[PDB]
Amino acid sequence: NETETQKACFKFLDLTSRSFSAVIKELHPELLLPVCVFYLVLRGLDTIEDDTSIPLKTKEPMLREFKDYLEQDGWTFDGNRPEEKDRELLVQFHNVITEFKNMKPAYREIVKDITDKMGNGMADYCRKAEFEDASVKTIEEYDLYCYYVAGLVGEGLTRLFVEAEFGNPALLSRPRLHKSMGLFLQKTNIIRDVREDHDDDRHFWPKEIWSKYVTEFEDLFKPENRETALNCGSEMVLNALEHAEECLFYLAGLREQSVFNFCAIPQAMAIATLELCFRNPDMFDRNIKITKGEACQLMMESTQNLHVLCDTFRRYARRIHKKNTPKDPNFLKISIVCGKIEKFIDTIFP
């Protein structure tokens, strides 16, 4: 029998996550509510962090202390600007508190730890931004931002999977795997969203990459520089593709079907989106997405076994490989990373 607290949590998942609501709801019942809680806690954290109407003096303690708020029955927060999209999740956060405290203790420790590590990373960032530039300047900084977001989400999910025995324990002693899983998704989003992020004064592309192609970041969007813009996105795609093999190692450690589906679907969507963005000038003019018929095929190819998913990965590695052109200054490196992926899949599954 579903409680009203449970119904509220599932409702807010649907209102706050177009994509993940569907996969999360298919999860095995051992992790359905825990991952749902995990999602809403991080979503609540993000609703606070994104709201520029909350002054730093109020916001920074909320982010650092949020892990402790999960223990406070009936916790609520009405300080978001009235137009913040997800504000009502925090207004009604007491449903999340209830379901958090209903979780097995092992799950509560995982969620609270990640809330703690992420809240504090977010706080350190919001602080820097208020006083310094906080512009991503190096590839190292790029990877760190992604770790404090997607990497910690992957850490938490992995710890939940292993605790419930839905994933091989070795997934915890090789943390680059869940990091690559997370960074593959976030970097693909960062690549594809570059224009709309730029039109909201958000910039995540590291200068160590784009300054080799343009003088100022905004130059990427002028039609005069479309060719050098494509070369820039090409190196960004190259950088994301370097995670792809490790994403496959990770998927090979998953031992329960609904967990496999939950992890495989976004990864397949990511490589397909990277192949669409590669050498595609539209990426700089608008927000592009793979076609409906492609997305449908991918859902079927991601909800079976590792062999089928790897074949899908090999298919998109080959397409990128074929688009790759010698005029691109990243030509050799793109084809080498695609070859590594294809040859690795051929070795696992001739």
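All residue numbers refer to positions in the sequence shown, first residue = 1.
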- prompt: Averaging C-alpha B-factors over each stretch, which comes out higher, 247 to 255 or 96 to 104?
  reply: 96 to 104
- request: Compare the mean C-alpha B-factor of 51 to 59 with that of 311 to 319 as given in the PDB entry, and name the stretch with the higher value.
  value: 51 to 59
field: Of the residues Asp143, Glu275, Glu235, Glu218, the one carrying the largest Cα B-factor as recorded
entry: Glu218
field: Residue with maximal Cα B-factor (values as given in the PDB entry) among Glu242, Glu155, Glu130, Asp113
entry: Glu130
query: If you rank every modelled residue in this chain by C-alpha B factor, which third holds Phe184: lowest, middle or highest?
result: lowest
- prompt: Which third of the chain does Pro206 land in by C-alpha B-factor: lowest, middle or highest?
  reply: middle
- prompt: When the modelled residues of the chain are sorted by Cα temperature factor, does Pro266 land in the lowest, middle or highest third?
  reply: lowest
- prompt: Going by the entry, which third of its chain does the Cα temperature factor of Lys222 land in?
  reply: highest
- prompt: Which third of the chain does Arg192 land in by C-alpha B-factor: lowest, middle or highest?
  reply: lowest
